[PDB]
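Novice:
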Amino acid sequence: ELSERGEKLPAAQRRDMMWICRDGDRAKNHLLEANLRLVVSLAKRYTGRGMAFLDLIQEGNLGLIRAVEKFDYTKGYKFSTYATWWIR
DNA sequence: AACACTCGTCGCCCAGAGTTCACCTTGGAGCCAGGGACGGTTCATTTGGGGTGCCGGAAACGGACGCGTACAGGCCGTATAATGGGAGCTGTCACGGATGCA
Numbered sequence: 265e266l267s268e269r270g271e272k273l274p275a276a277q278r279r280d281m282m283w284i285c286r287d288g289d290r291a292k293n294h295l296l297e298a299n300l301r302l303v304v305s306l307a308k309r310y311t312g313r314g315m316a317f318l319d320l321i322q323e324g325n326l327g328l329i330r331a332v333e334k335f336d337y338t339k340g341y342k343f344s345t346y347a348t349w350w351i352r
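Residues in the first sequence are numbered from 265 upward in steps of one, following PDB author numbering.
(1) Keeping to the same chain, check which residues put their C-beta closer than 8 Å to that of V304; ignore five residues upstream and five downstream.
(2) Would you mind reading off the limits of the alpha helix (DSSP H) that contains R279?
(3) For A307, is the classification buried or exposed, using 16 other Cβ atoms within 10 angstroms of its Cβ as the cut-off for buried?
(4) What residue from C285, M282 and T348 has the CA that sits closest to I329's CA?
(5) Kindly indicate the opening and closing residues of the alpha helix (DSSP H) around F317.
(6) Our contact map puts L302 next to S344 with C-beta atoms below 8 Å; I'd like the distance itself, whole angstroms only.
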């Protein structure tokens with residue numbers, strides 16, 4: 265929003281925003297690397313037909329990306345239950 | 001064993017078979033002369049008929065044209081919890097050389 269129709273942002277008001285942006289992206293990454301184990305545990309079951317183990321794993325990884333992007337913590341549910349549907 | 005009769009065979013002699021040799025007729029075979037009518041040709045009609053180009057238009061007909069419907073394929077989302085694969089079967093030998101360790 266500040267890019268066009270903004271203000272000459274001072275350093276105190278710019279560096280903090282940049283830092284929190286990087287922090288959020290890093291936290292997202294961290295959750296993904298945490299839950300790849302759930303991804304592989306789910307994808308182990310669909311083997312033996314069509315495509316290979318690693319292809320299934322990477323498709324589950326894409327599904328996990330989608331699940332994290334569309335997750336909602338306010339609902340007070342464990343993340344695994346929501347992510348399983350998207351992985352599948 | 002002694003004795004007294006009738007029949008082919010031939011020649012000859014006269015008449016015609018039928019054949020030749022050899023005489024008169026007469027229906028010609030055709031040759032030409034003359035006269036149709038005749039069928040092939042040609043040319044006058046003769047209006048009975050074929051003919052037609054185009055259209056008013058009536059109706060089919062071919063298609064455009066606009067606007068509805070139809071599954072096929074695609075996108076999307078599902079909130080207890082569910083957090084590291086089965087399986088592979090492997091009896092070769094020669095052997096040159098790199099090669100990871102010596």
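Ideal Cβ positions, reconstructed from N, Cα and C, are used throughout, including at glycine.
Specialist: Taking the structure as given:
(1) Counting from 1 along the first sequence, the entry for residue 304 is found at position 40. Answer for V304: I321 and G324, listed in chain order.
(2) If you number the first sequence from 1, residue 279 lands on position 15. Counting along the chain, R279 sits inside the alpha helix (DSSP H) bounded by residues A275 to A307.
(3) Taking the first sequence and counting its residues from 1, one reaches residue 307 at position 43. Buried.
(4) Position 65 of the first sequence, counted from the first residue, corresponds to residue 329. Ranking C285, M282 and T348 by Cα distance to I329 puts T348 first.
(5) For the purposes of this step, residue 317 is identified with residue 53 of the first sequence, where counting begins at 1. Its alpha helix (DSSP H) spans residues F317 to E333.
(6) Working through the first sequence from its first residue, we reach residue 302 at position 38. Working through the first sequence from its first residue, we reach residue 344 at position 80. Contact flag correct, Cβ pair sits at about 6 Å.
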